[PDB]
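Alright, two takes on the same chain below, each alone as structure tokens: structure 1 and structure 2.
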Structure 1
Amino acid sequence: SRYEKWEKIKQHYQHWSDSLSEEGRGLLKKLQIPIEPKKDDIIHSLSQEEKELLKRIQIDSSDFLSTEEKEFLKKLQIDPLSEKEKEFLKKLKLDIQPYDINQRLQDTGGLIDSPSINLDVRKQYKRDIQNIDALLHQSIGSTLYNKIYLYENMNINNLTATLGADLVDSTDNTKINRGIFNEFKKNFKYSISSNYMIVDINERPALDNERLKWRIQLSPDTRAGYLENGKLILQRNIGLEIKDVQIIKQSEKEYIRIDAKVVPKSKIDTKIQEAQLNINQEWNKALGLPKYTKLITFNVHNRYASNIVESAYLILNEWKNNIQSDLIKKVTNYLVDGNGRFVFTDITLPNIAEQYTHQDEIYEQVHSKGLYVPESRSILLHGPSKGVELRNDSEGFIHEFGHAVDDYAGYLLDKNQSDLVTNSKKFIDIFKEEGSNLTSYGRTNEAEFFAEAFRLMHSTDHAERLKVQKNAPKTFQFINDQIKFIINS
């Protein structure tokens, strides 16, 4: 019933559609099609000293910028890297972001009061989101929820950028990597929508690397609204249980079918909160910690929810396997002493309180794979993203732990000043000598060099550990000496 199904859903919402004020209609158009910044407005605002710098900058080169950002900055220039130009780019990237309601909701996971954007824009988002919420008052009904499926095509990179890089067979792009497919689906049991899903009443062909084809069954009380050309907008904050994930073929090309069922969001948050208790009990006992120490935090709000939860077990297992238990215990106890956390999340790190409470300047806020914040003594690990030159999340976690080791070691040396051990005169000299002998990112500064060397020294690939010894022998010696010192103290 291709056209029949469309007509009757449209009929169901016909009064709702007619009663929409233009203000409301503009809100829904703004939501589907975000407002891009005007390239000519941005350029007019610049001073040519900055424009001179902006020309000198190789846009396609940076690891700081997204693909979307790169294209806009490449398109705009038609009219390593210094400390000043990065400072410039930190501020500039704030002024080139589209007004994107659904992106704001996904980035914050619904926590829209998070101080990760300017107060005026934050309030504008808050207002539009509350107004959209009020528009979506009419549920789909018990007549329709059962007769209908709704469809959504998705890029795998929105769920996991790490697995997304390898999902499609490189030899033959008509095929899905079976091994990668398995990793993707293995722990995919539930999903959370914190923004407004825009779904198709009838399934569409998959365009532009959208290999994920969702088939979604609505709940009777699922609030929605009809959109032009056979689409529906769904309420935010709904839950989805994954019923089946299969490789399917459409037009001689392999895609992934994801069958999901709408459930209440409260139902899934319960699972996440129980899992948080389960993983803390496992690791409090394993770490010799008080029974009710809350060290591990799940900050989960988006569409790859269950995987963030499940991967946290695997990440911490790898962490335990590759690092001396005594080191792990001493450093973690130091973090617990400062109310630190292991935060596993699928919202952007600027929206994590462990960072933003200590970083008020938005241009100084960081989003990335992982982060260590000394002020809160916390490790933050962002699931959906792909770290630069990282294989996986585990290697990413160990690098951050290296920062914590750097932190704790500096504290032990001077309990009054509590600086990083990488700020010591001794290590700065070592960085000056061996700074360029390891990873490209390790060249950045003393802290990064230490964390990168630490990560490589505890890699599952023992060829990597021996490489540090051979290429950066003094760094290797220094870190091993820091580890001894931490453990013996």
Structure 2
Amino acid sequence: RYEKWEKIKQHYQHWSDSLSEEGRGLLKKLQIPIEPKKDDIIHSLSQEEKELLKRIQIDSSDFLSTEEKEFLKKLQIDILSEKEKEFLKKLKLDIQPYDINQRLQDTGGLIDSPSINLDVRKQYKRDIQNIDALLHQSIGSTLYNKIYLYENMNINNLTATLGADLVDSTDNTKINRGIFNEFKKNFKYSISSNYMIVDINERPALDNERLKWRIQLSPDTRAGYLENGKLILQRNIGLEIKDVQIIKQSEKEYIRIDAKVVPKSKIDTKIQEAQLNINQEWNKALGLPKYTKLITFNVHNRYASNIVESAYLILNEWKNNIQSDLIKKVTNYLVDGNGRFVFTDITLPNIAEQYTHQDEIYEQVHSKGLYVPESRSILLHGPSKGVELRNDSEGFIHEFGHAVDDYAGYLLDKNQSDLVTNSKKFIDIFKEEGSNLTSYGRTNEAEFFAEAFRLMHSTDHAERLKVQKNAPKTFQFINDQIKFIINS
């Protein structure tokens, strides 16, 4: 336990001793993000703004992250709501901690992405570059194969959908074995785009970490010793999943993920190869040009290979549950406008198909999926879970729902290009039936249309018919639009 710790510490002793006080300080900033002083913020608001705060329906919002909704309610006592909505969007940017590792993960390493304030984006960049320069020493071709490094990870870091049910509610010290097989089904490779911080000695799991990574470095892998038995690894490395098993540790159940370090490029190629292949296959199915670029894989993080394989099922479910003609027509419209199906594990404000059309950061959105009319693209973010969605496949259909809206209004006026949900016919339909479907459907016309579209294509046919009953005017309006599109 302490031998191999001592052997690593020595190997890195010259390196450690050589650390500037400024560099030693940087590695601390990295491990411990600089949270916002709760006081430092409230002393920025105006007297008018203070009012709107202490009395807004906070703990139950649309965009309010759990870490955000808590940190925020932590301030309402230092003293929905639609004009508090545009207020919140702005306030959400001024309270994010300064968390380098998070910045790398959100952006997939594309730190230049215009998704935060320029001067803060530059700070991150200065720090990330400094750390790269700090981490110059390989593990060396002697230690790499005689030691194991360990990481404990929360399952929700990799897929929030499948992590909600990875533990039996039956028995919470055992793992549901079905969800295991499809977690491990297509888990072949991984990508760290930030700095992995790993233990020299396997550490006992804490509250919600049921994944116990056991990792084997390569001779070239660059790393640095951190006090108390840890290593910090250079970012941008690839991991080949070598064995995913269920092990037992002190009469609870865990997942052993065995991984080897390999060049990020080896995986990037694999992803590139896959992205080619899936366009090949779906260009044929849609009768689009052999070489058309419709599907994009934007993949940079730890459940890499699954994002890829997931996209195949999502696209299969799309073809199974939606008339062939509706699909072919609408996709041809998206490609007519250089559109994209984008499957990704970086957050959505860091997807170019979104950020180049929304300059203001306070109006950039992250969530399970998105449609961007200005770039005619569907963005689907693998790792998270949308509220009220069974699987990632359903969320897609919701977004295609948005593109169906798009084509329908283009076809009303090729000149006055607009959304059908902005035609007064559907606007009126919404004020009646707008509250009869999903709770989220009540948000606005467009979303109501999308959710209705979604439900109207469930594999659960009870749900399909519940739309005809509770919102028959919405139902007919949609199927109309469909019939409309199929006729060129």
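Heads up, when I say rigid core I mean the largest set of C-alphas that superpose within 1.5 Å between the two forms. Throughout, residue numbering runs from 1 along the sequence of structure 1.
- Summarising the core-aligned comparison between structure 1 and structure 2, the C-alpha atom of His399 is found to shift 0.2 Å.
- The shift recorded for the CA atom of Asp63 between structure 1 and structure 2 is 3.6 Å, with superposition on the rigid core.
- Its Cα shifted by 1.2 Å between structure 1 and structure 2, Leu73 is reported here after superposition on the rigid core.
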